[PDB]
């Protein structure tokens with residue numbers, strides 16, 4: 196199991212992009241199954257600094273995620289995450305993201321394309337407010353680099 200999960204994580208890690216691709220896990237999801245992955249990624253690195261530098265980006269795209277509570281511990285495991293892809297899930301409104309208020313303080317790029325929350329009137333305004341380092345939301349620049357240097 197640990198061997199199988201470790202092998203899966205290795206196959207899904209792109210060193211060149213510093214990216215851990217956890218998209219579409221159901222095709223090879238559950239909070240306790242996700243917690244297990246997070247425990248394994250935490251155990252990989254003896255130095256948190258190396259972990260922080262190795263995994264700068266994560267995709268959780270296409271996982272039928274209804275609430276970020278489902279994958280909450282990503283915020284604990286990778287507090288210095290810079291890029292996050294949550295595209296192609298089913299996050300319906302801002303309350304489905306609010307469990308990550310005050311987390312991902314260093315996140316610079318966020319993708320929510322394909323989630324219903326993106327079409328609500330206060331979407332971009334609130335997401336900008338909640339994540340102070342965010343420069344790109346769905347490919348749209350929402351903070352200039354100088355703006356972000358001050359946020």
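Numbering (the entry's author numbering), first residue to last: 196 to 223, 237 to 359.
From the three backbone atoms N, C-alpha and C, an ideal C-beta is built for every residue, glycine too.
In this structure, the CA atom of residue 244 is about 16 Å from the CA atom of residue 219. The C-alpha of residue 258 lies about 24 Å from the C-alpha of residue 357.
With a threshold of 16 other beta carbon atoms within 10 Å, residue 296 meets it and is buried. The three-state secondary structure of residue 349, taken from DSSP, is strand.
Here DSSP, grouped into helix, strand and coil, assigns residue 209 to strand. Per DSSP, residue 257 is one residue of the alpha helix (DSSP H) stretching across 256-262.
Residue burial is scored here from C-beta neighbours: residue 238 has fewer than 16 other C-beta atoms within 10 angstroms and is therefore classed as exposed.
Short of 6 Å from the beta carbon of residue 264, and not among the five residues preceding or following it, lie these beta carbons of its own chain, in chain order: 213, 290.
A distance below 6 Å between beta-carbons, with the five flanking residues on each side excluded, links residue 269 to the following residues of its chain, in chain order: 218, 293, 295, 296.
A distance below 8 Å separates the beta carbons of residue 301 and residue 328. Less than 8 Å divides the Cβ of residue 282 from the Cβ of residue 266.
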